[PDB]
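Only one chain comes next, encoded as structure tokens, the form deposited in one PDB entry.
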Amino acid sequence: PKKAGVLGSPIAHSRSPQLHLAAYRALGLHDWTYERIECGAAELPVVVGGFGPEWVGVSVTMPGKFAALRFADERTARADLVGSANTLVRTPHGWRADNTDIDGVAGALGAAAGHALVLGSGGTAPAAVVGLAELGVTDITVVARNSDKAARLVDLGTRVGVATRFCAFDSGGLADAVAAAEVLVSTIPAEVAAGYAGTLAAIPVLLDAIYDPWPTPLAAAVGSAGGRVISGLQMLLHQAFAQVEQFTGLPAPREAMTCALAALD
């Protein structure tokens, strides 16, 4: 009888429990639980540090992904590369940080090979950079409000072998950045992306990390313009597979989890 869950703020909207509980039932782990825990970045170490021995792991969403990486005493190679963690896994003497959002991006997109755009510089942004690199994109433009954090994302991109550069939202380069790009991964709030949706609408493929509320203004714009829209639910599914594997020690029951995603509203 084990416990897991998802930590973040806000957290009430999370559809992680639906996916994990479906997986645990498919795996015959019928008494396992998975709950939502309201938790900011500052609070994460005290929340996780308070868990009893039946906790096997927690998923971590905004705003705790940087805090999660720091909290863990061991980190996977990919967490160490990305610089944030959306997964903490209990070990015999502590916790290990992993990042499965890379899988989320790569799995949701399926393929990508040309110029890409990433919006944002939060905890999911470096996973988008690495996931795009894994797919084989030739170059990435990072568009964010925080230029110092964007510089760190440029270094990351460069270190994984991808030509990366920064473009400010407001100074006049966004339109040209969009024109060159074949895929856009958005990690910014829907309320921020809304004001640029007309400029961004021309992108051929959009992966939006947001899934609630849905559709985002950005997704409506791209969809209307003829572009392919991939919702945050697809990213959620694909990142969830590796989380279930680390929490359970068993292969992810992909069929069952895909059916659970289809059973959501």
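Superpose the two forms; the largest set of C-alphas matching within 1.5 Å is the rigid core. The numbering used is simple: start at 1 and walk along the sequence shown.
There is also a form deposited in another entry; it is not shown, and the following applies to it.
Once the cores line up, the CA of residue 172 ends up 2 angstroms or more apart between the shown form and the other one. Relative to the superposed core, residue 232 undergoes a Cα shift smaller than 2 Å between the shown form and the other one.
Once both forms are fitted on their rigid core, the CA atom of residue 100 lies less than 2 Å apart between the shown form and the other one.
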